[PDB]
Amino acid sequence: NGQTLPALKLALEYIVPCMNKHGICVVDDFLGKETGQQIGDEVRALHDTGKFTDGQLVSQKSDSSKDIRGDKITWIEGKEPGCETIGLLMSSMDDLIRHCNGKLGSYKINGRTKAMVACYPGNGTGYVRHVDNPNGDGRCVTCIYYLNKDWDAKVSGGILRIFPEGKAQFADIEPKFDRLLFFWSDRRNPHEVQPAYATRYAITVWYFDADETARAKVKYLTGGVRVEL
């Protein structure tokens, strides 16, 4: 956990060396309290005004009134009314990555996703062990920003547990307010979200490597590079 808006020093003296050594980097106090609170207010307002999905279907029985649903999501561009501070976070994330370019592995980052805002509703659901990009879709770095004030995992659960490749250990990350996490999106970092027993919010952006994305366009072929005659 390194310590932070100014961040070139953070990128060059902490994020780049940490990513190249461990593949997992945690920055605490990324935006500061005023800004982090504004983002949390925007995300709660999206939740309270019904902009999230109903949640991943976790258990489906004969009676659909008992169906259990987990993580809820919404995709945010950063330009929508009421999402301007999420947009500021995304710009901040983008400036950090730009300052790392050419220094994160041998990747050359040239694109990203929209922001994926996730809400674990606090009903004991988590997210199963997975790899974000197991099949070469172009995503090289996962970046998550957490929004949960005074989170106490001893009673609320919700820890991100990463299983770094080749090492016999876990890396456990609490989803703390104003924490920014980076990790390699491929099979080097399988991970899971342990059951959350309180409402838990996070915002994820994935960053794309230019070479991997260019050749993915053949595999994930759409109309895309398909055109008329």
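One-based numbering along the sequence shown.
Going from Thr4 to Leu5, you skip over 1 to 3 residues of the deposited sequence that the entry leaves unmodelled. Mean CA temperature factor is higher for 77-85 when stretches 77-85 and 117-125 are set side by side in the entry. Comparing 34-42 with 184-192, the stretch with the higher mean C-alpha B-factor in the PDB entry is 34-42. Per the deposited coordinates, the residue with the largest Cα temperature factor out of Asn101, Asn133, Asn148, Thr142 is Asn101.
The residue among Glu174, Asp54, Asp67, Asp178 whose C-alpha atom has the highest B-factor in the PDB entry is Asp67.
Annotation for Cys25: CA B-factor lies in the lowest third of the chain's modelled residues.
Residue-level temperature factors show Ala198 in the middle third of its chain, judged at the C-alpha atom. Sort the modelled residues of the chain by CA B factor and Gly138 lands in the middle third. Ranked within its chain, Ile159 lands in the lowest third, by CA B factor from the PDB record. Split the chain's modelled residues into thirds by C-alpha temperature factor. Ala214 is in the lowest one.
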